[PDB]
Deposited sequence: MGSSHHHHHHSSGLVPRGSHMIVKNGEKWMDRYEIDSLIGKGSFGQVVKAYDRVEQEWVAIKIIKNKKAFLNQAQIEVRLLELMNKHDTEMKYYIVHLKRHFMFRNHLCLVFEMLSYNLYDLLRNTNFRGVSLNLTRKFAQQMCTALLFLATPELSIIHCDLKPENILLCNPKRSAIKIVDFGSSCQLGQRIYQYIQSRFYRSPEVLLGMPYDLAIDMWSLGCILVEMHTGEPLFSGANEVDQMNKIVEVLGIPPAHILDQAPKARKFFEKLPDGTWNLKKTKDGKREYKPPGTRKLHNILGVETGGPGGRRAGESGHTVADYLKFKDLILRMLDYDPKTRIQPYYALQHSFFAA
């Protein structure tokens, strides 16, 4: 019986006279993902190997249940989610066989030298991700991904715009509270930072953050920690509404209620732009040739195009989860017309 939690995998070895292990795709907290040739089906697969650890096995069994649940639906919309081909036990590890995809949206930004992709390619990723969120919002699914980020959205093919969402390891269904900290820090919604109840709207917050980054090359809100995260959100969006802060268990982690009942920023121990003064209109460069002026004298980057983009994003970054744009309405926005 091995002492470590990790599976020993040798490049070149063959599993169950079927899977020819080529190479490591990537390592994560769950374990690892290997590229392998399935000699029976004659196709590449990405094998997700789970560590022999109780916490990770439990998360992976939730992931298998939610992916199999999604697979029973007929809609074309389900193809924006990575396809789980099968699962088995091997050398006492749970192994998930997925279709082979291509590189993630972070690798795509790094290949631009973090200068961002075009507004036209941003629109394509936006439309697909809004359709995927509409699929998860199907009542019989009601899945919250809870970990959207550029690294969890993958191109299907290196030369094409088609994308799929991966990793439902942190995911839950509407009304569940399972894990103490959810969402990646940069993509973490204000209701989660404030310790308020969360629903599918947290994923639309994450998507708003991701789409600005895909076009600018840089994260919109790059907090070093939760206080810094909230402060960078406030730079762009101002002080959250009183009706939210008055109900937030963790309001006093970031803010203070003054004698007149209005909220300000909590004093530092002893630096940010004043609240709401880092305008998204200037981050995107709506009137000034897009990010860093670099889109002036290219087509597909008009002031009219940028205003439609800015308006959709600001509806995705609504502080109020009950009024934040829902996937069904985001798809009807003039940005997609």
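*Asks:* Checking coverage: what stretches of the deposited chain sequence are missing C-alpha positions?
*Replies:* Unobserved in coordinates, per deposited numbering: 1-14, 285-287, 355.
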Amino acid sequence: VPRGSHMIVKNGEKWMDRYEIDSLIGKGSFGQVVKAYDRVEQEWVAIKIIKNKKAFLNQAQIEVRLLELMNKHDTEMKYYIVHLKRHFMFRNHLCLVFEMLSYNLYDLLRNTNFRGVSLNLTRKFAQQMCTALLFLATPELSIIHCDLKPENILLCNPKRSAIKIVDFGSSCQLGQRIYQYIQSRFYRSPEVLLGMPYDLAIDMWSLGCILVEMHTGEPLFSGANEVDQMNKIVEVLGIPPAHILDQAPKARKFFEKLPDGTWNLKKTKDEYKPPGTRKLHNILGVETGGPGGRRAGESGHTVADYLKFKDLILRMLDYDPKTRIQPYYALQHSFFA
From here on, numbers count along this sequence of modelled residues.
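Basically, rigid core = biggest C-alpha set you can superpose within 1.5 Å across the two forms.
*Asks:* Do the Cα atoms of 320-328 or those of 14-22 sit farther, on average, from the shown form in 9 other deposited structures of this protein after fitting on the core?
*Replies:* Most displaced of the pair in 9 other deposited structures of this protein: 14-22.
*Asks:* With everything overlaid on the rigid core, name the stretch, 259-267 or 163-171, whose CA atoms wander farther on average in 9 other deposited structures of this protein.
*Replies:* Output: 259-267, the stretch lying farther off on average in 9 other deposited structures of this protein.
*Asks:* Out of 302-310 and 26-34, which one has CA B-factors that are higher on average in the deposited record?
*Replies:* Mean C-alpha B-factor is greater for 26-34.
*Asks:* As stated in the PDB record, which stretch has the larger average Cα B-factor, 70-78 or 94-102?
*Replies:* Result of the comparison: 70-78.
*Asks:* Specify which of 45, 64, 296, 280 carries the largest Cα B factor in the deposited PDB entry.
*Replies:* The record points to 296.
*Asks:* Could you say which of 197, 259, 208, 150 has its CA atom at the highest B factor, as listed in the PDB entry?
*Replies:* Top of the list by C-alpha B-factor: 259.
*Asks:* Would the CA B-factor of residue 329 place it in the lowest, middle or highest third of its chain?
*Replies:* As the PDB entry reports it, the C-alpha B-factor of residue 329 lands in the middle third of its chain.
*Asks:* With respect to C-alpha B-factor, does residue 322 fall in the lowest, middle or highest third of the chain as deposited?
*Replies:* Residue 322: CA B-factor falls in the middle third of its chain.
*Asks:* Is the Cα B-factor recorded for residue 131 in the lowest, middle or highest third of its chain?
*Replies:* Answer is lowest: the recorded C-alpha B-factor places it there.
*Asks:* How does residue 171 rank on Cα B-factor within its chain, lowest, middle or highest third?
*Replies:* According to the entry, residue 171 has a C-alpha B-factor in the chain's lowest third.
*Asks:* Would you mind checking where the Cα B-factor of residue 230 ranks among the modelled residues of its chain, as the lowest, middle or highest third?
*Replies:* According to the entry, residue 230 has a C-alpha B-factor in the chain's lowest third.
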